[PDB]
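Encoded as structure tokens, the following chain is the form deposited in one PDB entry, with no partner shown.
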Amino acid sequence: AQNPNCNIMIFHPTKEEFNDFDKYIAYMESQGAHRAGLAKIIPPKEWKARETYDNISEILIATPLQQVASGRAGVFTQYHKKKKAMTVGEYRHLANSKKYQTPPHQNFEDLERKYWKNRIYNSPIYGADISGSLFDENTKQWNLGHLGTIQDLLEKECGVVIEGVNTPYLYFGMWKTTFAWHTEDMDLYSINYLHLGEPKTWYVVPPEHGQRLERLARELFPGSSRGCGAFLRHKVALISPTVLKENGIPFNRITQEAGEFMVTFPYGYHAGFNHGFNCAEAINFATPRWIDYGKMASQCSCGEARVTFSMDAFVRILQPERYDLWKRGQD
């Protein structure tokens, strides 16, 4: 078995290897990359996402989210308070202000220490889930707006034609902005490109050990657990690497820098934070190996978790028994 310790693997494809997206994902998995839950892909030196980022300041963040924490430094939840709209130029200025800017630090490890010590005492503002893309239409390789769709994958594998679309989302971050412990909708893959700015640090639990994280989460957030059998779908819970180690949860960590791709694999729980002002683009995708994970994916039916239009068909076809109750998530 490849990669039995479930290490995060880093790949350096050649420009020739960067042509066929599906083929390279399959290659990564042949080397055991999926066992970690997360992989890094460094693009060929000849590749670029677009020419420059000089003209992005007029993009609108219609609903910036202030991430307010509750709990203790290593075990907390966050809720998202809606703020007034602002442009990316305005957001960048805010990120760089004295109130919100990255503190002086020695290295990534020093900044990580500062994050877990002090995160809960601040409320950074995030521009998340903004439909759009910053890939040039002429970028032919690993263009996240030009991937094969999940709906076409399901049709190719299972022969059923379904409604729905999937398109990329942009994320504008600042120091301490946080993504909570989660797997993707329907335990899909995700791919994330860091277009510009400061790094993003990731934590990940191997898919074969996901239930260990779930059990700890139930212990650490007992009221939330009683409210919903899949409350990590709410994407609001944080657990520090120190607390994971104290409880024997297997995990790994890695820092993503501008110009690098990360791929998360089916049922790979992940969480993380941004180092400073940055912009990332991400989208979900599927492969034939995903189908069995989609069939088994937990669902939130308490009504808290966000439901995309396109997830309906996934639940309807892959989980027909759960569909009525999940669809009771409704409204």
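Residues that one form lacks are left out of the comparison. Whichever C-alpha set is largest while still superposing within 1.5 Å between the two forms counts as the rigid core. Numbering starts at 1 and follows the sequence shown.
- Of the two segments examined, 28-36 and 54-62, it is 54-62 that shows the higher average Cα temperature factor in the deposited entry.
- Between 296-304 and 270-278, the higher mean Cα B-factor belongs to 296-304.
- Reading the B-factor column for the CA atoms of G229, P250, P241, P207 in the entry, the top value corresponds to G229.
- When the C-alpha B-factors of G132, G259, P124, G148 are read from the PDB record, the largest value belongs to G148.
- In this PDB entry, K81 carries a Cα temperature factor that places it within the highest third of its chain's modelled residues.
- Per-chain ranking of the deposited C-alpha B factor places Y169 in the middle third.
- Among the modelled residues of its chain, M311 has a C-alpha B-factor that falls in the highest third, as given in the PDB entry.
- Looking at the C-alpha B-factors along this chain, the one for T178 belongs to the lowest third.
- Annotation for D110: C-alpha temperature factor in the highest third relative to the rest of the modelled chain, per the entry.
Keep in mind the form solved in complex with a partner chain is missing from the figure; the text below concerns it.
- Interface membership of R119, defined by any non-hydrogen atom within 4.5 Å of the partner chain in the entry with it bound, is ruled out.
- Under a 4.5 angstroms non-hydrogen atom cutoff, the partner chain in the entry with it bound lacks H93 among its neighbouring residues.
- The partner chain in the entry with it bound is approached by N284, whose closest heavy atom lies within 4.5 angstroms of it.
- By the criterion of a heavy atom within 4.5 Å, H195 is excluded from the residues contacting the partner chain in the entry with it bound.
- Heavy atoms of no residue among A69, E214 and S225 are located within 4.5 Å of the partner chain in the entry with it bound.
- You can rule out all but one of 254-262, 215-223, 184-192, 110-118: in the entry with it bound, only 184-192 has residues with a heavy atom within 4.5 Å of the partner chain.
- Here is the short version: of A128, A230, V243, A73, the single residue with a heavy atom within 4.5 Å of the partner chain in the entry with it bound is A128.
- With the core fitted between the shown form and the other one, just one of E163, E219, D129, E246 shows a Cα displacement of at least 2 Å, namely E163.
- After superposition on the rigid core, the Cα of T308 moves by 2 Å or more between the shown form and the other one.
- Relative to the superposed core, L318 undergoes a C-alpha shift of no less than 2 Å between the shown form and the other one.
- Relative to the superposed core, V88 undergoes a C-alpha shift smaller than 2 Å between the shown form and the other one.
- Note on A39 and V165: their C-alpha atoms are nearer in the entry with it bound, a change of at least 3 Å from this conformation.
- Annotation: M311/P288 CA-CA distance shorter in the entry with it bound than in the displayed model, change of at least 3 Å.
- Core-superposed comparison between the shown form and the other one places the runs of three or more consecutive residues whose CA atoms all shift by 2 angstroms or more at 149-165, 225-227, 306-331, listed in sequence order.
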